[PDB]
Amino acid sequence: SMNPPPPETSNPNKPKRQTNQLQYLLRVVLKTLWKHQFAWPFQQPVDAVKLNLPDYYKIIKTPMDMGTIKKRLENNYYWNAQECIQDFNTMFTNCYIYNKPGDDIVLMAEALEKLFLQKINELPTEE
Ligand SMILES: O=c1cc(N2CCOCC2)oc2c(-c3ccccc3)cccc12
């Protein structure tokens with residue numbers, strides 16, 4: 001069994017921009033989610049080999065996790081906040097697609113998403 005390569009986190013051809021919104025996404029949003037008691041499964045890509053989930057990457061074709069998001073924020077991969085917000089949403093929706101309502105991992109994702117949306121409500125206006 002094999003895992004796919006992780007999502008891209010470095011590309012010198014992709015234009016980059018540091019914005020106050022992206023800085024908030026790293027300093028407030030990512031940091032707040034990372035320390036939550038339910039963050040740990042989401043801090044790195046799903047290792048479907050070690051978890052014995054051989055169909056995972058047959059169902060989830062846009063993998064995303066907060067370890068990748070952290071790297072993208074810390075390595076200035078993004079042009080805008082919407083790209084980063086989309087990554088968080090991809091992570092949550094993957095979990096809801098692959099698993100059943102009320103499953104433990106779904107409850108964990110939902111707790112993180114509730115917190116994420118609360119933080120997004122305070123996203124600062126662009127400079
Ligand atoms: O969608 C997912 C399904 C699961 N699975 C299926 C249910 O049993 C446990 C493994 O695991 C996930 C994990 C994870 C769970 C436990 C340990 C490490 C990572 C992290 C992110 C998403 C998923």
# chains A, B, ... in the order shown; residues from 1 in each chain; ligands from 1

$ residues_near_ligand --ligand "ligand 1" --cutoff "10 Å" --atoms "only C-alpha atoms and all ligand atoms" --output "ChimeraX atom specification"
/A:39-48,50-53,56,60,63-66,91-100,103-106,108-109

$ closest_atom_pairs --of "range 36-108 of chain A" --to "range 21-31 of chain A" --cutoff "12 Å" --atoms "only C-alpha atoms" --output "tab-separated table"
residue	atom	partner	partner_atom	distance
A:36	CA	A:31	CA	9.1
A:39	CA	A:30	CA	10.3
A:42	CA	A:30	CA	11.4
A:43	CA	A:30	CA	10.4
A:65	CA	A:30	CA	11.2
A:66	CA	A:30	CA	7.7
A:67	CA	A:30	CA	9.7
A:68	CA	A:30	CA	11.1
A:69	CA	A:30	CA	8.2
A:70	CA	A:30	CA	7.0
A:71	CA	A:26	CA	9.9
A:72	CA	A:26	CA	9.6
A:73	CA	A:26	CA	6.1
A:74	CA	A:26	CA	7.5
A:75	CA	A:26	CA	10.8
A:76	CA	A:22	CA	8.8
A:77	CA	A:22	CA	10.2
A:78	CA	A:22	CA	8.0
A:79	CA	A:22	CA	8.6
A:80	CA	A:22	CA	6.8
A:81	CA	A:22	CA	5.4
A:82	CA	A:22	CA	9.2
A:83	CA	A:22	CA	9.7
A:84	CA	A:25	CA	7.9
A:85	CA	A:25	CA	8.5
A:87	CA	A:30	CA	11.6
A:88	CA	A:30	CA	9.5

$ write_last_selection --atoms "N, CA, C and O atoms" --output "mmCIF file, in the first residue's frame"
data_model
loop_
_atom_site.group_PDB
_atom_site.id
_atom_site.type_symbol
_atom_site.label_atom_id
_atom_site.label_comp_id
_atom_site.auth_asym_id
_atom_site.auth_seq_id
_atom_site.Cartn_x
_atom_site.Cartn_y
_atom_site.Cartn_z
ATOM 1 N N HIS A 36 -6.074 22.972 19.896
ATOM 2 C CA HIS A 36 -7.305 22.342 20.358
ATOM 3 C C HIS A 36 -7.070 20.855 20.626
ATOM 4 O O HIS A 36 -6.239 20.211 19.978
ATOM 5 N N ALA A 39 -7.154 18.577 17.575
ATOM 6 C CA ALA A 39 -6.391 18.944 16.388
ATOM 7 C C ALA A 39 -5.492 17.819 15.889
ATOM 8 O O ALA A 39 -5.193 17.762 14.692
ATOM 9 N N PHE A 42 -5.377 16.022 12.527
ATOM 10 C CA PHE A 42 -5.373 16.915 11.379
ATOM 11 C C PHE A 42 -4.056 17.662 11.210
ATOM 12 O O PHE A 42 -3.930 18.488 10.295
ATOM 13 N N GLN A 43 -3.062 17.374 12.042
ATOM 14 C CA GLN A 43 -1.783 18.073 12.016
ATOM 15 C C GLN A 43 -0.815 17.561 10.950
ATOM 16 O O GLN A 43 0.286 18.118 10.821
ATOM 17 N N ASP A 65 -4.669 18.897 4.967
ATOM 18 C CA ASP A 65 -4.476 18.789 6.409
ATOM 19 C C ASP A 65 -3.843 20.081 6.915
ATOM 20 O O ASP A 65 -3.309 20.870 6.134
ATOM 21 N N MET A 66 -3.884 20.283 8.241
ATOM 22 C CA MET A 66 -3.334 21.507 8.827
ATOM 23 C C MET A 66 -1.813 21.556 8.834
ATOM 24 O O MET A 66 -1.246 22.652 8.943
ATOM 25 N N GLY A 67 -1.131 20.413 8.760
ATOM 26 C CA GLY A 67 0.312 20.458 8.597
ATOM 27 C C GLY A 67 0.696 21.097 7.278
ATOM 28 O O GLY A 67 1.594 21.950 7.215
ATOM 29 N N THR A 68 0.013 20.695 6.205
ATOM 30 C CA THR A 68 0.227 21.307 4.903
ATOM 31 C C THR A 68 -0.155 22.781 4.921
ATOM 32 O O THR A 68 0.581 23.626 4.394
ATOM 33 N N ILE A 69 -1.291 23.115 5.552
ATOM 34 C CA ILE A 69 -1.702 24.517 5.633
ATOM 35 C C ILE A 69 -0.669 25.330 6.404
ATOM 36 O O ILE A 69 -0.308 26.442 5.995
ATOM 37 N N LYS A 70 -0.178 24.795 7.525
ATOM 38 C CA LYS A 70 0.858 25.490 8.287
ATOM 39 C C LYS A 70 2.081 25.767 7.416
ATOM 40 O O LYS A 70 2.624 26.879 7.426
ATOM 41 N N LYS A 71 2.520 24.772 6.644
ATOM 42 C CA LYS A 71 3.673 24.963 5.767
ATOM 43 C C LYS A 71 3.385 26.026 4.717
ATOM 44 O O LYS A 71 4.244 26.865 4.412
ATOM 45 N N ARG A 72 2.175 26.007 4.154
ATOM 46 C CA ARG A 72 1.814 26.993 3.143
ATOM 47 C C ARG A 72 1.804 28.399 3.721
ATOM 48 O O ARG A 72 2.250 29.349 3.063
ATOM 49 N N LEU A 73 1.295 28.560 4.944
ATOM 50 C CA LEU A 73 1.316 29.877 5.584
ATOM 51 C C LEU A 73 2.733 30.311 5.959
ATOM 52 O O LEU A 73 3.109 31.471 5.725
ATOM 53 N N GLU A 74 3.529 29.410 6.551
ATOM 54 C CA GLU A 74 4.865 29.780 7.030
ATOM 55 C C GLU A 74 5.841 29.988 5.881
ATOM 56 O O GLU A 74 6.812 30.745 6.019
ATOM 57 N N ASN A 75 5.601 29.339 4.743
ATOM 58 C CA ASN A 75 6.455 29.455 3.570
ATOM 59 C C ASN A 75 5.870 30.380 2.510
ATOM 60 O O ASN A 75 6.318 30.353 1.357
ATOM 61 N N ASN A 76 4.901 31.213 2.885
ATOM 62 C CA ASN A 76 4.251 32.152 1.981
ATOM 63 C C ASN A 76 3.958 31.528 0.621
ATOM 64 O O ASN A 76 4.522 31.938 -0.398
ATOM 65 N N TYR A 77 3.066 30.543 0.598
ATOM 66 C CA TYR A 77 2.639 29.895 -0.626
ATOM 67 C C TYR A 77 1.451 30.589 -1.270
ATOM 68 O O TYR A 77 1.243 30.460 -2.482
ATOM 69 N N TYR A 78 0.688 31.336 -0.495
ATOM 70 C CA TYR A 78 -0.586 31.851 -0.944
ATOM 71 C C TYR A 78 -0.460 33.250 -1.532
ATOM 72 O O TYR A 78 0.437 34.028 -1.183
ATOM 73 N N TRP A 79 -1.395 33.565 -2.426
ATOM 74 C CA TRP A 79 -1.649 34.935 -2.845
ATOM 75 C C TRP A 79 -2.754 35.602 -2.039
ATOM 76 O O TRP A 79 -2.680 36.808 -1.796
ATOM 77 N N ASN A 80 -3.766 34.860 -1.590
ATOM 78 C CA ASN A 80 -4.878 35.485 -0.883
ATOM 79 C C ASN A 80 -5.422 34.562 0.205
ATOM 80 O O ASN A 80 -5.112 33.366 0.263
ATOM 81 N N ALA A 81 -6.218 35.154 1.097
ATOM 82 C CA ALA A 81 -6.820 34.405 2.196
ATOM 83 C C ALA A 81 -7.806 33.359 1.699
ATOM 84 O O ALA A 81 -7.944 32.298 2.322
ATOM 85 N N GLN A 82 -8.504 33.630 0.597
ATOM 86 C CA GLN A 82 -9.493 32.685 0.088
ATOM 87 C C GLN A 82 -8.862 31.336 -0.247
ATOM 88 O O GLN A 82 -9.486 30.285 -0.045
ATOM 89 N N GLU A 83 -7.630 31.339 -0.768
ATOM 90 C CA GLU A 83 -6.953 30.077 -1.053
ATOM 91 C C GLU A 83 -6.761 29.278 0.223
ATOM 92 O O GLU A 83 -6.942 28.056 0.238
ATOM 93 N N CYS A 84 -6.382 29.955 1.305
ATOM 94 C CA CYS A 84 -6.140 29.260 2.561
ATOM 95 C C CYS A 84 -7.449 28.770 3.178
ATOM 96 O O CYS A 84 -7.554 27.620 3.621
ATOM 97 N N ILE A 85 -8.466 29.626 3.190
ATOM 98 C CA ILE A 85 -9.783 29.227 3.670
ATOM 99 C C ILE A 85 -10.286 28.012 2.910
ATOM 100 O O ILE A 85 -10.877 27.097 3.497
ATOM 101 N N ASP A 87 -8.473 25.642 1.639
ATOM 102 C CA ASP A 87 -7.753 24.474 2.142
ATOM 103 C C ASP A 87 -8.383 23.953 3.429
ATOM 104 O O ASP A 87 -8.564 22.741 3.594
ATOM 105 N N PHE A 88 -8.698 24.852 4.375
ATOM 106 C CA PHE A 88 -9.375 24.394 5.587
ATOM 107 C C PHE A 88 -10.690 23.716 5.236
ATOM 108 O O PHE A 88 -11.009 22.643 5.762
#

$ atom_distance --atom1 "CA of residue 54 in chain A" --atom2 "CA of residue 35 in chain A"
29.3 Å

$ select_by_dssp --residues "range 61-121 of chain A" --states "helix (DSSP H, G or I)" --output "ChimeraX atom specification"
/A:66-74,81-98,104-120

$ write_last_selection --atoms "N, CA and C atoms" --output "CSV table (one decimal), in the first residue's frame"
chain,number,residue,atom,x,y,z
A,66,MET,N,-3.9,20.3,8.2
A,66,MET,CA,-3.3,21.5,8.8
A,66,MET,C,-1.8,21.6,8.8
A,67,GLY,N,-1.1,20.4,8.8
A,67,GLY,CA,0.3,20.5,8.6
A,67,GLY,C,0.7,21.1,7.3
A,68,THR,N,0.0,20.7,6.2
A,68,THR,CA,0.2,21.3,4.9
A,68,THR,C,-0.2,22.8,4.9
A,69,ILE,N,-1.3,23.1,5.6
A,69,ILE,CA,-1.7,24.5,5.6
A,69,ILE,C,-0.7,25.3,6.4
A,70,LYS,N,-0.2,24.8,7.5
A,70,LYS,CA,0.9,25.5,8.3
A,70,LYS,C,2.1,25.8,7.4
A,71,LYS,N,2.5,24.8,6.6
A,71,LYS,CA,3.7,25.0,5.8
A,71,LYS,C,3.4,26.0,4.7
A,72,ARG,N,2.2,26.0,4.2
A,72,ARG,CA,1.8,27.0,3.1
A,72,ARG,C,1.8,28.4,3.7
A,73,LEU,N,1.3,28.6,4.9
A,73,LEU,CA,1.3,29.9,5.6
A,73,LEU,C,2.7,30.3,6.0
A,74,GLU,N,3.5,29.4,6.6
A,74,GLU,CA,4.9,29.8,7.0
A,74,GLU,C,5.8,30.0,5.9
A,81,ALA,N,-6.2,35.2,1.1
A,81,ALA,CA,-6.8,34.4,2.2
A,81,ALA,C,-7.8,33.4,1.7
A,82,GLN,N,-8.5,33.6,0.6
A,82,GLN,CA,-9.5,32.7,0.1
A,82,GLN,C,-8.9,31.3,-0.2
A,83,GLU,N,-7.6,31.3,-0.8
A,83,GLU,CA,-7.0,30.1,-1.1
A,83,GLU,C,-6.8,29.3,0.2
A,84,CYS,N,-6.4,30.0,1.3
A,84,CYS,CA,-6.1,29.3,2.6
A,84,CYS,C,-7.4,28.8,3.2
A,85,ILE,N,-8.5,29.6,3.2
A,85,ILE,CA,-9.8,29.2,3.7
A,85,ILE,C,-10.3,28.0,2.9
A,86,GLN,N,-10.0,28.0,1.6
A,86,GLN,CA,-10.5,26.8,0.8
A,86,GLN,C,-9.8,25.5,1.3
A,87,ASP,N,-8.5,25.6,1.6
A,87,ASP,CA,-7.8,24.5,2.1
A,87,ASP,C,-8.4,24.0,3.4
A,88,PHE,N,-8.7,24.9,4.4
A,88,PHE,CA,-9.4,24.4,5.6
A,88,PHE,C,-10.7,23.7,5.2
A,89,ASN,N,-11.5,24.3,4.3
A,89,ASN,CA,-12.7,23.7,4.0
A,89,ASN,C,-12.6,22.4,3.3
A,90,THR,N,-11.5,22.2,2.5
A,90,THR,CA,-11.3,20.9,1.8
A,90,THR,C,-11.0,19.9,2.9
A,91,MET,N,-10.2,20.2,3.9
A,91,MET,CA,-9.9,19.3,5.0
A,91,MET,C,-11.2,18.8,5.7
A,92,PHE,N,-12.0,19.8,6.1
A,92,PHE,CA,-13.2,19.4,6.8
A,92,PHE,C,-14.1,18.5,5.9
A,93,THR,N,-14.4,19.0,4.7
A,93,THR,CA,-15.3,18.2,3.8
A,93,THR,C,-14.8,16.8,3.5
A,94,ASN,N,-13.4,16.7,3.3
A,94,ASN,CA,-12.9,15.3,3.1
A,94,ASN,C,-13.4,14.4,4.2
A,95,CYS,N,-13.3,14.9,5.4
A,95,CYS,CA,-13.7,14.0,6.6
A,95,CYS,C,-15.2,13.7,6.5
A,96,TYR,N,-16.0,14.7,6.2
A,96,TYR,CA,-17.4,14.5,6.1
A,96,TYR,C,-17.8,13.5,5.0
A,97,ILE,N,-17.1,13.6,3.9
A,97,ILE,CA,-17.3,12.7,2.7
A,97,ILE,C,-16.9,11.3,3.0
A,98,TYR,N,-15.8,11.1,3.6
A,98,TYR,CA,-15.2,9.7,3.8
A,98,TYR,C,-15.9,8.9,4.9
A,104,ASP,N,-16.5,9.5,15.4
A,104,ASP,CA,-15.6,10.3,16.2
A,104,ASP,C,-14.8,11.3,15.5
A,105,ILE,N,-14.2,10.9,14.3
A,105,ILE,CA,-13.4,11.8,13.6
A,105,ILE,C,-14.2,13.0,13.0
A,106,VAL,N,-15.5,12.7,12.7
A,106,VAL,CA,-16.4,13.7,12.2
A,106,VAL,C,-16.7,14.7,13.3
A,107,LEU,N,-17.0,14.2,14.5
A,107,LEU,CA,-17.2,15.1,15.6
A,107,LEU,C,-16.0,16.0,15.9
A,108,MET,N,-14.8,15.5,15.8
A,108,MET,CA,-13.6,16.2,15.9
A,108,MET,C,-13.5,17.3,14.9
A,109,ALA,N,-13.7,16.9,13.6
A,109,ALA,CA,-13.6,17.9,12.5
A,109,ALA,C,-14.6,19.0,12.7
A,110,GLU,N,-15.8,18.6,13.1
A,110,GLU,CA,-16.9,19.6,13.3
A,110,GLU,C,-16.6,20.6,14.4
A,111,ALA,N,-16.0,20.1,15.5
A,111,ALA,CA,-15.5,21.1,16.5
A,111,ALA,C,-14.5,22.0,16.0
A,112,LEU,N,-13.5,21.6,15.2
A,112,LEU,CA,-12.5,22.5,14.7
A,112,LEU,C,-13.2,23.4,13.7
A,113,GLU,N,-14.2,23.0,12.9
A,113,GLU,CA,-14.8,23.9,11.9
A,113,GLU,C,-15.6,24.9,12.6
A,114,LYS,N,-16.3,24.6,13.7
A,114,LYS,CA,-17.1,25.6,14.4
A,114,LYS,C,-16.1,26.7,14.9
A,115,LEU,N,-15.0,26.3,15.4
A,115,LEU,CA,-14.0,27.2,15.9
A,115,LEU,C,-13.4,28.1,14.8
A,116,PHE,N,-13.1,27.4,13.7
A,116,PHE,CA,-12.6,28.1,12.5
A,116,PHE,C,-13.6,29.2,12.0
A,117,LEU,N,-14.9,28.9,11.9
A,117,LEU,CA,-15.8,29.9,11.5
A,117,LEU,C,-15.9,31.0,12.4
A,118,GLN,N,-15.8,30.8,13.7
A,118,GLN,CA,-15.8,31.9,14.7
A,118,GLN,C,-14.6,32.8,14.5
A,119,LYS,N,-13.4,32.2,14.2
A,119,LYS,CA,-12.3,33.0,13.9
A,119,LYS,C,-12.4,33.8,12.6
A,120,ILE,N,-13.0,33.1,11.6
A,120,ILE,CA,-13.1,33.8,10.3
A,120,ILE,C,-14.0,35.0,10.4

$ atom_distance --atom1 "CA of residue 125 in chain A" --atom2 "CA of residue 33 in chain A"
21.1 Å

$ atom_distance --atom1 "CA of residue 57 in chain A" --atom2 "CA of residue 2 in chain A"
9.6 Å
